[PDB]
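Presented below is the structure to which this report refers.
There are 2 protein chains.
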Amino acid sequence: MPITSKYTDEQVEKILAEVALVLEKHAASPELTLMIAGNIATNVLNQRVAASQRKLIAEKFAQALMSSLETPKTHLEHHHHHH
Amino acid sequence: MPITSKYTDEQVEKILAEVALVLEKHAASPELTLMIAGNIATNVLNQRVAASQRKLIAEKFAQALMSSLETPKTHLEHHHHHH
């Protein structure tokens, strides 16, 4: 789903890994971690994203985040080839 | 806003510097940058946050992001002019 710019998938994973490494590198708490993500998006919306895209991409973000909000509620899925 | 943080800004800022450094390091584009933040929040909402605390903390994050979304809010004028 190309709702976001098609960057290299493995690249995204590698970037996430290094970011998570920095979190571990400073023993970042869940709150601190999630607030750090907030700071990231904030800087995007401040000095990086388009003004016109700003509310749309933020809504897209929130909607995606809501649809990525999961729990151990999965019952009879197709395959556990997912993390 | 002093919510969610409570942590030393010295600590937070230096972590942010290293986190953003990884993004600059890999020449992360705006959408990639913000999608990285999304994956971060998602991971937190999966493994780090509590189930009961999940939706609240997610809303908390979104609302904090909306308020950190700094578009031109209410340009002060003294004419009550129409256009």
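Listed in order, the protein sequences are those of chains A and B.
Counting with the numbering used here, you get residues 802 to 884 for the letters of the first sequence.
Counting with the numbering used here, you get residues 802 to 884 for the letters of the second sequence.
Even for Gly, the Cβ is constructed at its ideal location relative to N, Cα and C.
| query | Going along chain A in order, which residues have a C-beta closer than 9 Å to the C-beta of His827 (chain B)? | reply | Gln812, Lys815, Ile816, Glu819
| field | Neighbour list for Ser853 (chain B) in chain A, Cβ cutoff strictly below 8 Å | value | In chain order: nothing, as chain A lies at least about 11 Å away.
| query | Is the stretch 805-812 of chain A close to the stretch 829-836 of chain B, with three or more CB pairs under 8 Å? | reply | yes
| field | Counted within 10 angstroms of its Cβ, other Cβ atoms place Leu846 (chain A) as buried (16 or more) or exposed | value | buried
| According to a CB-to-CB cut-off of less than 9 Å, which residues of the stretch 827-849 of chain A neighbour chain B? | Answer in chain order: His827, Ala829, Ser830, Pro831, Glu832, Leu833, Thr834, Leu835, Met836, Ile837, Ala838, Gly839, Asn840, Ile841, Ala842, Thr843, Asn844, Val845, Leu846, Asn847, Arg849.
| said: Under DSSP, the alpha helix (DSSP H) around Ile804 (chain A) begins and ends at which residues? | reply: Looking at the DSSP string, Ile804 (chain A) is not in any alpha helix (DSSP H), and its letter there is neither H nor E.
| request: Would you be able to state if there are at least three C-beta pairs under 8 Å between the stretch 812-825 of chain B and the stretch 863-876 of chain B? | output: no
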